[PDB]
């Protein structure tokens, strides 16, 4: 009975149950509760011992004596309306005073900017003063009826992880942990000296679990103690006067506070990055990386592993940028939130192994009397499992309080099953990826550096604005294709790699994800058009290839490829003619049929041509597919485009032949089993690979197949908590029928 690949949390006064559960779950590693030297009875088990390290917090005794060395962020004030030629702007009224504090030490006139937001102009620094007695900037000689703001440097006085916990589990009047910035040599020396001593003081730790490193991700709170700004990939909170001044020297130009506050966007990953953002990323990453390497080296010299948590103070690491391997990190561990976040961890190059921390975390918010944590446990396993077959992770484990999980025998038995199943998958496949059946490339401004990081604001929390796009990643995360992320820069520099079958471009207009004005670069349009014409496949979602204003008559610059454009109220004089919808088609074959709606749709018919209204639009909606957020007034560019769904006087789903290749338009794609199948059929259809679809496929969309040619195996998995019957089709055209229980898996030669 398999053992290993499993990390178990421990805690004091819990020797008996720890060994029972380690035995039961086949743990080869134990996570010592933070701080804490652990029970000898636990240490005698001879498991691999994880101890977490918190390098830039939990030492107020240092940082209270060097408060100008805390991390910093540019903050943007509320917009203040001048009603004459003077205006006063309070600095701190919209922000949380327990987290943030204006920096009055570094000359405001050098480091800050007052902006007239109505004109975009910087106000002369001779026209403003910072009040000596309170956090208010006085501006004079400006225009009445304009809005003004200040961008100012703020010390961060409360570490966001310690803060979030405090506020979330109200730890009352417990001391707030103050973060510290290693960019400053005094602090940096304190950090490495402390780490050296801790290494000496921890002979029994096998793995130093850095949780995490030097810089928080963008996270700001308001005066009502709510989250104000968040970007899980953002490096807002990484500046200081010295860092900014060194940057100017090295790069040959001075950043504006505007290059950080970004009009109030705070350099959201959704914004098309410019040179300033790419340069800062590069400057910050060189410095963070140099220092992570030192930590790894020191860990190794002491005989221990270096393991990074993919979260908390992870900024500047850039796990997907070239050179990550140079750090010599042994492992990355992250939170398993779904398939997309499973891949974000799994696909990381340059480490020896990866580790998933599965849900639920062992805490009272889920482990309370009358709750059934086992359901979520299995759910989480199933969403990660489908992804693990496409890109394996090396290890699994859980976090929190063992003594809490131990009170729920059903949950305990569920983990026993998950752990055995994790090891079975690994042992049968040798930890190798399943065969991908097509090569699919997501194209955006960021490319590989943001692999599995697209369409995200906060970690694993899709919302109204992101779910129609995030669903694309979640579908792909466990799909039987090979997925890579590429950038407009890669494409302009090197063309489109010849192994790629399908390119996906998706998002709203004017985001890093669709690409913005890069679509008015004729070389990009030529490259993609030539490639589609020669048998490439282009799948556009939402507002693909969009560029406002460039052409009065063409919003999606590749409207010709995908057969669809969005009306922008500039072309209303042009009657739009919709060809009849094709309801029977390869792409839609697995969509459940609703005869009541189809009948209502067929009875109601198509709008006859009418002046200023065009014609051809179905009077009633066919429906049957959840397309998410609408893209208003999409329409077919000519009548040779194939409309598959065009309900409510606009287009949701369309396909277009373009020379040898095809274009497909999808207006949006929330994740569901049915939509993942829809997407999957789109990939095969657009690449002219219909004849390749059946090999290693499951007839039922609720199940997936993974083929492992090198070990002579395939499996089939049930992605649901319900029994599923399905017919698997093998490469030679043979089939087998399955009856898969709840969350089950079957393996065959």
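What we label the rigid core is the largest C-alpha set whose atoms superpose within 1.5 Å from one form to the other. Numbering follows the first chain given and starts at 1.
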query: Larger mean CA deviation from the shown form in 4 other deposited structures of this protein [core fit; 356-364 vs 210-218]; finding: 356-364
query: Core-fitted comparison in 4 other deposited structures of this protein, 382-390 vs 397-405, farther C-alphas; finding: 397-405
query: Entries skipping residue 721: at least a third of other ones; finding: no
query: Across other compared entries, residue 369 missing in at least a third; finding: yes
query: Per the entry, higher mean C-alpha B factor between 611-619 and 219-227; finding: 611-619
query: Mean C-alpha temperature factor, higher of 7-15 and 726-734; finding: 7-15
query: Candidate set 248, 499, 413, 134 [ranked by C-alpha B-factor, highest]; finding: 134
query: Selection by C-alpha B-factor (highest) of 365, 147, 565, 517; finding: 365
query: Third of the chain, ranked by Cα B-factor, where residue 128 sits; finding: middle
query: Residue 291 - Cα temperature factor, lowest/middle/highest third of chain; finding: middle
query: Modelled-residue ranking by C-alpha temperature factor, third containing residue 661; finding: lowest
query: Residue 463 - Cα temperature factor, lowest/middle/highest third of chain; finding: middle
query: Ranked C-alpha temperature factor of residue 508 among modelled chain residues, by third; finding: lowest
